[PDB]
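Structure record follows, encoded as structure tokens.
Counting neighbours? That spans all protein chains shown, and the Cβs are built from the backbone with ideal geometry, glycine included. Any read-out appearing in this document is the output of simple, stated calculations on the displayed coordinates, not a laboratory observation.
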Amino acid sequence: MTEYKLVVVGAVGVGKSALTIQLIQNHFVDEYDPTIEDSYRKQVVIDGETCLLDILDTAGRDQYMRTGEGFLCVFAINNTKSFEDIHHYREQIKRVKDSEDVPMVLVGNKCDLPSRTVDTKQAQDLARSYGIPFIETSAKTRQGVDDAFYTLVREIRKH
Amino acid sequence: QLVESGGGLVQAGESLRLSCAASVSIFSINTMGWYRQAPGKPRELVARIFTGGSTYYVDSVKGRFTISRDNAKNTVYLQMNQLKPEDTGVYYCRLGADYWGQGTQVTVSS
Ligand SMILES: Nc1nc2c(ncn2[C@@H]2O[C@H](COP(=O)(O)OP(=O)(O)O)[C@@H](O)[C@H]2O)c(=O)[nH]1
Ligand SMILES: [Mg+2]
């Protein structure tokens, strides 16, 4: 059984814990403690292949970026500042791992919210400039949660 | 102030109940976890309980361990059944973000 080391990165409050817990527990956990950083392991079936996800939910080091095989770069669609930080996380990950091909997925979370300050073309344009997929999510409703993590595993399989 | 107990030296297949008792009320604390560090390995999250009552267990202990909280007693528990040698390590309770127990030794012999 193949193990995939995933790392969830993004500004504080974008929903990294809410996304991780929704994948692990299938429950939306409101206002999870912002400083708690844990790794979770979960056996899943992705594209017919049973595998184990080893997911680090970061809380804001160079070690766990070197160990990570794929990275979820999360921003909230109602927080332009979190979207502008995205290129900082990609650059800092590309620096430690010394590679031009680090499996990565852009995640725009909180899509259940109407007051949207970052639109879809912006995010798609940034993701296309990186050569990485863009997945919309809501940890609250669980929309796109499995898609975001499963798409990252597929990116690791290409690599 | 956390009082930790329940560890000890046991044989494989036996059971222990680890306990983590706080001097203060724990009702407002939303999540609790148990961690362990085995010899030669980094610290890992063994179990966590979340608001709403759902529980997570690392794959190596799923089906044998049970994490619970007793709010009226300000105590958090880890029931460990069918203990295996690989379960040997120092176990730490974590109440919320920064209330850590100072550890309890679990040693499982064959
Ligand atoms: N409406 C909505 N709120 C969310 C969503 N994801 C997270 N939140 C909320 O945003 C706040 C911060 O989320 P959190 O998971 O702690 O962000 P983190 O710091 O990246 O781990 C919390 O109060 C969550 O309840 C979502 O998809 N929709
Ligand atoms: Mg968090």
Please go through segment A:125-141 and give me each residue that is away from ligand 1 (no atom under 16 Å from the Cβ) and charged (D, E, K, R), ordered by number. A:125, A:128
In segment A:86-100, what residues are within 16 Å of ligand 1 (Cβ to nearest atom) and buried (at least 18 other Cβ atoms within 10 Å of the Cβ)? A:86, A:89
What number of residues within segment A:24-52 are within 11 Å of another protein chain (Cβ to nearest Cβ) and either in contact with a helix residue (DSSP H, G or I) (Cβ under 7 Å, 6 or more places away or on another chain) or within 13 Å of ligand 1 (Cβ to nearest atom) (or both)? 16
The one condition residue A:9 fails out of (1) farther than 28 Å from residue A:81 by Cα; (2) surrounded by 24 or more Cβ atoms within 10 Å (Cβ to Cβ) is (1)
Test: residue A:4 is facing chain B (nearest Cβ under 8 Å) and either touching a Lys or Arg at 6+ places or on another chain (Cβ under 8 Å) or crowded, with 17+ Cβ neighbours inside 10 Å (or both): no
Go through (1) within 11 Å of chain B (Cβ to nearest Cβ); (2) within 12 Å of ligand 2 (Cβ to nearest atom) and name the single condition residue A:14 misses. (1)
Keeping to segment A:101-121, report how many residues are away from ligand 2 (no atom under 16 Å from the Cβ), closer than 14 Å to residue A:80 by Cα and surrounded by 15 or more Cβ atoms within 10 Å (Cβ to Cβ). 3
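Can you tell me how many residues within segment A:128-159 are out of contact with any helix residue (DSSP H, G or I) (no Cβ under 9 Å at 6 or more places or on another chain) and not basic (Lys, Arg)?
Count: 13.
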Does at least one position in segment A:30-51 carry a residue that is of a type in the set (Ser, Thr, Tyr), outside any helix (DSSP H, G or I) and away from ligand 2 (no atom under 15 Å from the Cβ)? yes
If you go through segment B:52-86 one residue at a time, how many are surrounded by 15 or more Cβ atoms within 10 Å (Cβ to Cβ), in a loop (DSSP other than H, G, I, E, B) and away from every other protein chain (no Cβ under 11 Å)? 3
